[PDB]
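**Student:** Structure incoming, see below.
4 protein chains.
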Amino acid sequence: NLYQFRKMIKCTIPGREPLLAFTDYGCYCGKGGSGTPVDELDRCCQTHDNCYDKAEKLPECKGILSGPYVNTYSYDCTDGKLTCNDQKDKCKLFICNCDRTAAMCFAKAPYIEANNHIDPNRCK
Amino acid sequence: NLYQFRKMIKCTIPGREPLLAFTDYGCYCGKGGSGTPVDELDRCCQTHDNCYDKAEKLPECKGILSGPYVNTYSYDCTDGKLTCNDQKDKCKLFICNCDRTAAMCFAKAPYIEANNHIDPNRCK
Amino acid sequence: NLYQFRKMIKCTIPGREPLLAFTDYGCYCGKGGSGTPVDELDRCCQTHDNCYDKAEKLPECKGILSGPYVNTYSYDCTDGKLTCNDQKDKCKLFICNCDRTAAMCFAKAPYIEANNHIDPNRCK
Amino acid sequence: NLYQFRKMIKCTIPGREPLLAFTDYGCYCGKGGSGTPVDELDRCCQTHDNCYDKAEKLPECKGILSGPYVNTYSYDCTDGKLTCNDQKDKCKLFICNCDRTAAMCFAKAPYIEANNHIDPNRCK
């Protein structure tokens, strides 16, 4: 779920607060999504977006709490390393990976403050 | 003049073709100009656009062939480093300084192939 | 095969010669590997390297010419768009996607001249 | 002094905690020196390392509390801009400039989280 995704970001990016840093970046990094990603970090959030859609369409995701936002999965954060544990619940595993990939991508991507709190027009 | 600017870029970033690499990139590099550069390279050609305006308004730039495109200044390209030799004619000097700064800004800047021939829009 | 990979790169990055631009960049783009990728474009190469290690293990990859270096696959480059066509031969399809993915981000990734023709030590 | 340098960074890049962000980054940021900077940020920390060395040799700096870490200069932070106020004491003024240049460079520079605590290896 989104609470767990925040936690994963806190694992690959220890001192930063996701709700502040990645909450209004580029075109896709937070609030809605339209236009072309201003950079790699934006692409991580874009990939994160459509990785959630795929999950919402995975014939393997059950009901009501099967969504990427509310579906709790099983994961581990050891020494800044994320590992998905779900095994038989192919849907939870999928959602856990969307978050694991995004959290790692965010860590390895260039954070360019010129691309933070952009102007809408840059996203048409 | 334009031929020399090309040479400078060719001096600073040898592994590129100036024409194909810098005249259809972003929203200020080559053609037009308008609305927030998509990246570093883009602002380089924005700075080089402002600089070409100043030059035209420089009192010391008067008469036919004093314009940035056609004005032939004096310069040197040694071991990858640019030097403007104009002292007397402070107009040519100013023009050469625009090109030099630009050619140096270009080399020193991350080039994103995808930023070539962008939409319109991103520049609204 | 590698000849086709080169072509794909010529599709997403026109007028640029892959054998000059991407053959000795970062720690992975070009001969050898080892170390940690200096940037994104380097990772695009690292990813490509391992995507090739995977295909050499894919149980669906047959005989002498099943390897990613010599396995001719089927694709299309129309208007700068890459598409893999194989279906029955899932191996070819896999190899074609390694090349399509890499060629695709080589274009989205920033090319930093400072991370080209690096120093060995910079890769341990 | 170092307290003011901290504040300067706070001035140009408020969304970050100076200590945690700029003291254990790359091959030069904060801890030790050596090797080739992993990136632009690492490289601002290299020139803000050299500059401190200059200041120490600067004949114009003499006596106890003239050193960059402890020398207290006069500066101002207004709407994200920094200006060094020292005129008479050109020792303080030089120390302030090193700080201004770095803190001001820390901002317009891409931050790569993954570059924190790099492998004392790519610093050879």
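Residue numbers (the working numbering), protein chains in the order written: chain A, 1 to 124; chain B, 1001 to 1124; chain C, 2001 to 2124; chain D, 3001 to 3124. Cβ coordinates follow ideal geometry from the N, Cα and C atoms, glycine included.
Output the distance between the C-alpha atoms of D/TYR3073 and D/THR3047, rounded to the nearest integer angstrom.
**Tutor:** 19 Å
**Student:** Assuming A/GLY26 and A/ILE118 are in contact, meaning their beta carbons sit under 8 Å apart, how far apart are those beta carbons, in whole angstroms?
**Tutor:** 6 Å
**Student:** Can you tell me the Cβ-Cβ gap for C/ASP2099 and C/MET2008, rounded? I've got them flagged as a contact below 8 Å.
**Tutor:** 5 Å
**Student:** Determine the direct distance from the alpha carbon of B/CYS1029 to that of B/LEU1041, and round the result to whole angstroms.
**Tutor:** Looking at the two C-alpha atoms, the distance is approximately 8 Å.
**Student:** Going by Cα to Cα distance, which pick from A/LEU65, A/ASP79, A/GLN87 is closest to A/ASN1?
**Tutor:** A/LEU65
**Student:** To test your reading of the DSSP string, which unbroken beta strand (DSSP E) runs of 3 or more residues are found completely within the region 47 to 118 of chain A?
**Tutor:** Here the runs fully enclosed are 75 to 78, 81 to 84.
**Student:** Considering just the uninterrupted stretch of the alpha helix (DSSP H) at D/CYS3011, what are its terminal residues?
**Tutor:** 3002 to 3012
**Student:** Around the Cβ of C/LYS2081, are there at least 16 other Cβ atoms within 10 angstroms (buried) or fewer (exposed)?
**Tutor:** C/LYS2081 counts as exposed, since fewer than 16 other beta carbons sit within 10 angstroms of its beta carbon.
**Student:** Would you identify the three-state DSSP class for D/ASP3039, choosing helix, strand or coil?
**Tutor:** If DSSP states are grouped into helix, strand and coil, D/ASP3039 belongs with coil.
**Student:** Who does B/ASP1024 pair with in a DSSP beta bridge?
**Tutor:** According to DSSP, B/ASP1024 bridges with nothing at all.
**Student:** Please tell me whether, using a cut-off of 7 Å, the distance from the CB of D/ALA3021 to the nearest non-hydrogen atom of the ligand SAH is below it.
**Tutor:** With respect to small molecules bound, the structure shown includes none, and the ligand SAH cannot be examined in it.
**Student:** Pairs of beta-carbons, one from the region 2102 to 2122 of chain C and one from the region 1092 to 1110 of chain B, closer than 8 Å: are there three or more?
**Tutor:** yes
**Student:** By DSSP's criteria, A/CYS29 is part of a beta bridge. Which residues make up the other side?
**Tutor:** A/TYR25
**Student:** Name the chain C residues that come within less than 9 Å of B/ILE1112, Cβ to Cβ?
**Tutor:** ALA2107, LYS2108, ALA2109, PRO2110, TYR2111
**Student:** Around the Cβ of D/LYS3031, are there at least 16 other Cβ atoms within 10 angstroms (buried) or fewer (exposed)?
**Tutor:** With fewer than 16 Cβ atoms within 10 Å of its Cβ, D/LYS3031 is classed as exposed.
**Student:** In angstroms, rounded to a whole number, what distance separates the CA positions of B/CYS1096 and B/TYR1075?
**Tutor:** 7 Å
**Student:** Would you please verify whether the beta carbon of C/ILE2095 is less than 8 Å from any beta carbon of chain B?
**Tutor:** Output row for C/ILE2095: interface = no.
**Student:** With C-beta atoms as the reference, is B/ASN1071 less than 8 Å away from B/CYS1091?
**Tutor:** yes
**Student:** Using a Cβ-Cβ distance under 8 Å, would A/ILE118 count as near chain D?
**Tutor:** no
**Student:** For A/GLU17, which option in A/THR83, A/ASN50, A/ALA103 has the closest C-alpha, if you only look at C-alpha atoms?
**Tutor:** A/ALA103
**Student:** Could you give the DSSP three-state label for A/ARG122: helix, strand or coil?
**Tutor:** helix
**Student:** Identify, in the order they occur along the chain, each residue of the same chain with its Cβ nearer than 7 Å to the Cβ of A/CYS123, setting aside the five sequence neighbours on each side.
**Tutor:** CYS27, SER34, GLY35
**Student:** Could you compute how far the alpha carbon of B/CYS1077 sits from the alpha carbon of B/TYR1069?
**Tutor:** 19 Å
**Student:** Are there 16 or more other CB atoms within 10 angstroms of the CB of B/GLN1004, so buried, or fewer, so exposed?
**Tutor:** buried
**Student:** Drop a sphere of 10 angstroms on the beta-carbon of A/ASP53, count the other beta-carbons inside from all chains shown, and report buried for 16 or more, exposed for fewer.
**Tutor:** So A/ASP53 ends up on the exposed side.
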